[PDB]
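Colleague: So here's entry.pdb (PDB, C-alpha atoms).
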```pdb
ATOM      1  CA  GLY A   1      95.664  91.133  90.296  1.00  0.00           C
ATOM      2  CA  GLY A   2      94.135  90.622  93.743  1.00  0.00           C
ATOM      3  CA  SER A   3      92.532  93.042  96.185  1.00  0.00           C
ATOM      4  CA  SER A   4      93.262  94.066  99.768  1.00  0.00           C
ATOM      5  CA  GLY A   5      91.643  96.810 101.850  1.00  0.00           C
ATOM      6  CA  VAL A   6      91.987  98.906 105.022  1.00  0.00           C
ATOM      7  CA  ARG A   7      91.884  97.639 108.613  1.00  0.00           C
ATOM      8  CA  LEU A   8      90.995  99.969 111.493  1.00  0.00           C
ATOM      9  CA  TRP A   9      91.654 100.336 115.201  1.00  0.00           C
ATOM     10  CA  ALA A  10      90.696 103.092 117.596  1.00  0.00           C
ATOM     11  CA  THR A  11      93.885 102.960 119.643  1.00  0.00           C
ATOM     12  CA  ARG A  12      97.515 102.092 119.147  1.00  0.00           C
ATOM     13  CA  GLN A  13      97.288  99.758 122.169  1.00  0.00           C
ATOM     14  CA  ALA A  14      94.605  97.664 120.493  1.00  0.00           C
ATOM     15  CA  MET A  15      96.280  97.738 117.080  1.00  0.00           C
ATOM     16  CA  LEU A  16      99.580  96.394 118.406  1.00  0.00           C
ATOM     17  CA  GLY A  17      97.894  93.319 119.863  1.00  0.00           C
ATOM     18  CA  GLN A  18      96.259  92.363 116.566  1.00  0.00           C
ATOM     19  CA  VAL A  19      98.322  93.834 113.734  1.00  0.00           C
ATOM     20  CA  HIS A  20     100.098  90.502 113.161  1.00  0.00           C
ATOM     21  CA  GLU A  21      96.860  89.289 111.595  1.00  0.00           C
ATOM     22  CA  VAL A  22      96.852  91.916 108.828  1.00  0.00           C
ATOM     23  CA  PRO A  23      97.647  90.427 105.398  1.00  0.00           C
ATOM     24  CA  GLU A  24     100.313  91.767 103.092  1.00  0.00           C
ATOM     25  CA  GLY A  25      99.214  94.753 101.060  1.00  0.00           C
ATOM     26  CA  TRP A  26      96.497  95.915 103.452  1.00  0.00           C
ATOM     27  CA  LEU A  27      96.415  99.387 104.931  1.00  0.00           C
ATOM     28  CA  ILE A  28      96.221  99.947 108.715  1.00  0.00           C
ATOM     29  CA  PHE A  29      94.520 102.955 110.279  1.00  0.00           C
ATOM     30  CA  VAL A  30      94.842 103.976 113.906  1.00  0.00           C
ATOM     31  CA  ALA A  31      92.227 106.560 114.851  1.00  0.00           C
ATOM     32  CA  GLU A  32      93.627 108.204 117.991  1.00  0.00           C
ATOM     33  CA  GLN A  33      96.316 110.169 116.110  1.00  0.00           C
ATOM     34  CA  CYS A  34      94.904 109.520 112.598  1.00  0.00           C
ATOM     35  CA  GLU A  35      97.866 107.402 111.405  1.00  0.00           C
ATOM     36  CA  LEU A  36      98.028 105.184 108.335  1.00  0.00           C
ATOM     37  CA  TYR A  37     100.414 102.356 107.483  1.00  0.00           C
ATOM     38  CA  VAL A  38     100.735  99.670 104.836  1.00  0.00           C
ATOM     39  CA  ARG A  39     101.738  96.090 105.578  1.00  0.00           C
ATOM     40  CA  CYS A  40     104.737  94.789 103.639  1.00  0.00           C
ATOM     41  CA  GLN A  41     106.059  91.250 103.280  1.00  0.00           C
ATOM     42  CA  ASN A  42     108.282  91.675 106.367  1.00  0.00           C
ATOM     43  CA  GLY A  43     107.394  94.971 107.990  1.00  0.00           C
ATOM     44  CA  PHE A  44     105.375  98.136 107.759  1.00  0.00           C
ATOM     45  CA  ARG A  45     105.599 101.534 106.039  1.00  0.00           C
ATOM     46  CA  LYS A  46     103.987 104.666 107.438  1.00  0.00           C
ATOM     47  CA  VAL A  47     102.031 106.814 104.989  1.00  0.00           C
ATOM     48  CA  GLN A  48     103.096 110.456 105.018  1.00  0.00           C
ATOM     49  CA  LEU A  49     100.173 112.731 105.898  1.00  0.00           C
ATOM     50  CA  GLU A  50      99.739 116.491 106.157  1.00  0.00           C
ATOM     51  CA  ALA A  51      98.407 118.011 109.365  1.00  0.00           C
ATOM     52  CA  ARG A  52      94.793 117.413 110.347  1.00  0.00           C
ATOM     53  CA  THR A  53      92.303 120.016 109.102  1.00  0.00           C
ATOM     54  CA  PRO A  54      88.512 120.327 109.418  1.00  0.00           C
ATOM     55  CA  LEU A  55      88.157 120.846 105.638  1.00  0.00           C
ATOM     56  CA  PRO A  56      90.109 119.420 102.676  1.00  0.00           C
TER
ATOM     57  CA  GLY B   1      80.219 108.569  96.923  1.00  0.00           C
ATOM     58  CA  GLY B   2      80.969 105.161  95.460  1.00  0.00           C
ATOM     59  CA  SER B   3      83.633 102.856  96.764  1.00  0.00           C
ATOM     60  CA  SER B   4      86.908 101.708  95.252  1.00  0.00           C
ATOM     61  CA  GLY B   5      89.559  99.679  97.047  1.00  0.00           C
ATOM     62  CA  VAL B   6      93.152  98.512  96.827  1.00  0.00           C
ATOM     63  CA  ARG B   7      94.583  96.288  94.074  1.00  0.00           C
ATOM     64  CA  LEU B   8      97.840  94.425  94.514  1.00  0.00           C
ATOM     65  CA  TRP B   9     100.610  92.820  92.473  1.00  0.00           C
ATOM     66  CA  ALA B  10     103.743  90.994  93.565  1.00  0.00           C
ATOM     67  CA  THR B  11     106.247  92.833  91.365  1.00  0.00           C
ATOM     68  CA  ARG B  12     106.599  96.045  89.395  1.00  0.00           C
ATOM     69  CA  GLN B  13     106.930  94.069  86.168  1.00  0.00           C
ATOM     70  CA  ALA B  14     103.660  92.278  86.844  1.00  0.00           C
ATOM     71  CA  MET B  15     101.883  95.510  87.763  1.00  0.00           C
ATOM     72  CA  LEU B  16     103.063  97.530  84.759  1.00  0.00           C
ATOM     73  CA  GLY B  17     101.486  95.077  82.301  1.00  0.00           C
ATOM     74  CA  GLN B  18      98.007  95.218  83.855  1.00  0.00           C
ATOM     75  CA  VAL B  19      97.732  98.504  85.747  1.00  0.00           C
ATOM     76  CA  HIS B  20      96.084 100.487  82.948  1.00  0.00           C
ATOM     77  CA  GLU B  21      92.921  98.450  83.601  1.00  0.00           C
ATOM     78  CA  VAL B  22      92.605  99.776  87.173  1.00  0.00           C
ATOM     79  CA  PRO B  23      89.715 102.270  87.433  1.00  0.00           C
ATOM     80  CA  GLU B  24      90.172 105.813  88.653  1.00  0.00           C
ATOM     81  CA  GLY B  25      90.274 106.219  92.416  1.00  0.00           C
ATOM     82  CA  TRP B  26      91.709 102.814  93.304  1.00  0.00           C
ATOM     83  CA  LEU B  27      94.923 102.345  95.194  1.00  0.00           C
ATOM     84  CA  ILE B  28      97.650 100.105  93.739  1.00  0.00           C
ATOM     85  CA  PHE B  29     100.076  98.146  95.954  1.00  0.00           C
ATOM     86  CA  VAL B  30     103.291  96.661  94.556  1.00  0.00           C
ATOM     87  CA  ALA B  31     104.707  94.110  96.979  1.00  0.00           C
ATOM     88  CA  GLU B  32     108.306  94.010  95.720  1.00  0.00           C
ATOM     89  CA  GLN B  33     109.182  97.509  96.956  1.00  0.00           C
ATOM     90  CA  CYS B  34     106.155  97.818  99.286  1.00  0.00           C
ATOM     91  CA  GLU B  35     104.894 100.813  97.306  1.00  0.00           C
ATOM     92  CA  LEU B  36     101.521 102.444  96.828  1.00  0.00           C
ATOM     93  CA  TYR B  37     100.032 104.474  93.983  1.00  0.00           C
ATOM     94  CA  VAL B  38      96.656 106.136  93.337  1.00  0.00           C
ATOM     95  CA  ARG B  39      94.960 105.782  89.914  1.00  0.00           C
ATOM     96  CA  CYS B  40      93.860 109.089  88.379  1.00  0.00           C
ATOM     97  CA  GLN B  41      91.538 109.655  85.438  1.00  0.00           C
ATOM     98  CA  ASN B  42      94.695 110.484  83.419  1.00  0.00           C
ATOM     99  CA  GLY B  43      97.686 108.829  85.056  1.00  0.00           C
ATOM    100  CA  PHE B  44      99.030 107.840  88.474  1.00  0.00           C
ATOM    101  CA  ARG B  45     100.326 109.460  91.667  1.00  0.00           C
ATOM    102  CA  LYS B  46     102.830 107.796  93.972  1.00  0.00           C
ATOM    103  CA  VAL B  47     102.064 107.833  97.717  1.00  0.00           C
ATOM    104  CA  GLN B  48     104.918 109.023  99.917  1.00  0.00           C
ATOM    105  CA  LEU B  49     105.870 106.330 102.441  1.00  0.00           C
ATOM    106  CA  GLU B  50     108.439 106.300 105.219  1.00  0.00           C
ATOM    107  CA  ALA B  51     111.068 103.570 105.232  1.00  0.00           C
ATOM    108  CA  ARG B  52     110.041 100.029 106.161  1.00  0.00           C
ATOM    109  CA  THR B  53     110.280  99.071 109.847  1.00  0.00           C
ATOM    110  CA  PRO B  54     109.549  95.803 111.675  1.00  0.00           C
ATOM    111  CA  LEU B  55     106.522  97.225 113.511  1.00  0.00           C
ATOM    112  CA  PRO B  56     104.109 100.145 112.838  1.00  0.00           C
ATOM    113  CA  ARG B  57     105.673 102.562 115.319  1.00  0.00           C
TER
ATOM    114  CA  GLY C   1      89.832  95.500 114.360  1.00  0.00           C
ATOM    115  CA  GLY C   2      87.247  96.341 111.729  1.00  0.00           C
ATOM    116  CA  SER C   3      87.550  97.268 108.063  1.00  0.00           C
ATOM    117  CA  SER C   4      87.015 100.474 106.112  1.00  0.00           C
ATOM    118  CA  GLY C   5      87.778 101.250 102.472  1.00  0.00           C
ATOM    119  CA  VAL C   6      88.113 104.006  99.872  1.00  0.00           C
ATOM    120  CA  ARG C   7      85.333 106.266  98.632  1.00  0.00           C
ATOM    121  CA  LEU C   8      85.247 108.445  95.532  1.00  0.00           C
ATOM    122  CA  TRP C   9      83.831 111.854  94.637  1.00  0.00           C
ATOM    123  CA  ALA C  10      84.311 114.034  91.583  1.00  0.00           C
ATOM    124  CA  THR C  11      84.956 117.288  93.468  1.00  0.00           C
ATOM    125  CA  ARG C  12      85.811 118.647  96.892  1.00  0.00           C
ATOM    126  CA  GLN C  13      82.352 120.259  97.082  1.00  0.00           C
ATOM    127  CA  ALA C  14      80.532 117.045  96.149  1.00  0.00           C
ATOM    128  CA  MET C  15      82.537 115.182  98.796  1.00  0.00           C
ATOM    129  CA  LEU C  16      81.856 117.822 101.461  1.00  0.00           C
ATOM    130  CA  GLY C  17      78.111 117.466 100.956  1.00  0.00           C
ATOM    131  CA  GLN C  18      78.347 113.792 101.950  1.00  0.00           C
ATOM    132  CA  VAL C  19      81.298 113.688 104.350  1.00  0.00           C
ATOM    133  CA  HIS C  20      79.214 113.389 107.519  1.00  0.00           C
ATOM    134  CA  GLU C  21      78.369 109.907 106.209  1.00  0.00           C
ATOM    135  CA  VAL C  22      82.067 108.931 106.110  1.00  0.00           C
ATOM    136  CA  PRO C  23      83.476 107.431 109.349  1.00  0.00           C
ATOM    137  CA  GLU C  24      87.006 107.924 110.570  1.00  0.00           C
ATOM    138  CA  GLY C  25      89.503 105.637 108.866  1.00  0.00           C
ATOM    139  CA  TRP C  26      88.018 105.695 105.388  1.00  0.00           C
ATOM    140  CA  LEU C  27      90.125 106.999 102.560  1.00  0.00           C
ATOM    141  CA  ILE C  28      88.601 109.678 100.331  1.00  0.00           C
ATOM    142  CA  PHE C  29      89.556 110.178  96.685  1.00  0.00           C
ATOM    143  CA  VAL C  30      88.615 113.428  94.931  1.00  0.00           C
ATOM    144  CA  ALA C  31      88.910 113.098  91.176  1.00  0.00           C
ATOM    145  CA  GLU C  32      89.459 116.814  90.577  1.00  0.00           C
ATOM    146  CA  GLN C  33      93.198 117.147  91.274  1.00  0.00           C
ATOM    147  CA  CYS C  34      93.502 113.356  91.900  1.00  0.00           C
ATOM    148  CA  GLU C  35      93.776 113.874  95.635  1.00  0.00           C
ATOM    149  CA  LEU C  36      93.586 111.458  98.515  1.00  0.00           C
ATOM    150  CA  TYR C  37      92.578 112.146 102.110  1.00  0.00           C
ATOM    151  CA  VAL C  38      91.982 110.082 105.200  1.00  0.00           C
ATOM    152  CA  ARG C  39      88.980 110.793 107.384  1.00  0.00           C
ATOM    153  CA  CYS C  40      89.673 111.585 111.005  1.00  0.00           C
ATOM    154  CA  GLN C  41      87.194 112.232 113.789  1.00  0.00           C
ATOM    155  CA  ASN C  42      86.048 115.787 112.933  1.00  0.00           C
ATOM    156  CA  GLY C  43      88.366 116.312 109.959  1.00  0.00           C
ATOM    157  CA  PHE C  44      90.794 115.108 107.299  1.00  0.00           C
ATOM    158  CA  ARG C  45      94.483 114.506 106.728  1.00  0.00           C
ATOM    159  CA  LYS C  46      95.728 114.874 103.168  1.00  0.00           C
ATOM    160  CA  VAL C  47      97.932 112.049 101.911  1.00  0.00           C
ATOM    161  CA  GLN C  48     101.214 113.320 100.521  1.00  0.00           C
ATOM    162  CA  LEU C  49     101.237 112.350  96.841  1.00  0.00           C
ATOM    163  CA  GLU C  50     103.881 112.866  94.171  1.00  0.00           C
ATOM    164  CA  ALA C  51     102.994 114.512  90.901  1.00  0.00           C
ATOM    165  CA  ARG C  52     100.616 112.932  88.393  1.00  0.00           C
ATOM    166  CA  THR C  53     102.445 111.061  85.642  1.00  0.00           C
ATOM    167  CA  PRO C  54     101.236 108.945  82.713  1.00  0.00           C
ATOM    168  CA  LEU C  55     102.936 105.794  84.068  1.00  0.00           C
ATOM    169  CA  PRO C  56     103.498 104.671  87.654  1.00  0.00           C
ATOM    170  CA  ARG C  57     106.899 106.181  88.378  1.00  0.00           C
TER
END
```
Would you give me this structure, written as structure tokens?

Modeller:
Amino acid sequence: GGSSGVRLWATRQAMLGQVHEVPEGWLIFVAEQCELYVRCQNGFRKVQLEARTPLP
Amino acid sequence: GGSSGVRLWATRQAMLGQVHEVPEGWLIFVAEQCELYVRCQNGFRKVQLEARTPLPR
Amino acid sequence: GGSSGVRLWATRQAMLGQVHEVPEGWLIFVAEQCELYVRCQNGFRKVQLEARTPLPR
């Protein structure tokens, strides 16, 4: 059982130019609207998140 | 404040035979269905994911 | 295109005492309630998780 991780970008614009480099099974975070995805074998799945709050 | 990470397996079958060894607080990726779980102290929680798309829109 | 990770705390209160040290884009696991959050700039988004089960369902 291998390991992956989480890759980060500040903006969607920057992410879209580089996301092809992300290996399968890694997570992808885009800071501007606090979005999270996971990379699949042949696509992407968006993680479902509740609304942003200052506290948990 | 310690760190965990993400563990991955290619198939559900492969995962189910080894996943008990994953420590609490790690994420678990199963490539076959492109699914994610979180390891709890006593069990697992499945992450809700939207359907697969070609790009992260 | 940097990298982040996952960090672990036992409780919401323990986490909150350290959260200023957590940058945006890190995932946060809280063992009490087996909950997962993502750090945003100035806050958190809770990951939607299904119910805890003994096996990955």

Colleague: Residual C-alpha RMSD for chain C onto chain B, least squares, all atoms in order?

Modeller: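 The fitted C-alpha deviation between chain B and chain C is 0.9 Å.
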
Colleague: Name the residues that the ChimeraX specification (/B :<6) & /A pulls out of this structure, and write them as a ChimeraX atom specification.

Modeller: /A:1-5,40,43-48

Colleague: In Å to one decimal, how far is atom CA of residue C:11 from atom CA of residue A:29?

Modeller: 24.1 Å

Colleague: Rounded to one decimal, what separation in Å do you get between atom CA of residue B:41 and atom CA of residue A:25?

Modeller: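 Here the two named atoms are 22.9 Å from each other.
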
Colleague: Using only C-alpha atoms, what table do you get, as a tab-separated table, when you list each residue of chain B with an atom no more than 7 Å from chain C, its nearest pair of atoms, and their distance in Å rounded to one decimal, rows by chain then rising number?

Modeller:
```
residue	atom	partner	partner_atom	distance
B:1	CA	C:8	CA	5.2
B:2	CA	C:8	CA	5.4
B:3	CA	C:7	CA	4.2
B:4	CA	C:6	CA	5.3
B:5	CA	C:6	CA	5.4
B:25	CA	C:29	CA	5.9
B:40	CA	C:34	CA	5.5
B:42	CA	C:54	CA	6.8
B:43	CA	C:54	CA	4.3
B:44	CA	C:52	CA	5.3
B:45	CA	C:52	CA	4.8
B:46	CA	C:50	CA	5.2
B:47	CA	C:49	CA	4.7
B:48	CA	C:48	CA	5.7
```

Colleague: Quick check, in Å to one decimal: how far apart do atom CA of residue A:50 and atom CA of residue C:24 lie?

Modeller: 16.0 Å
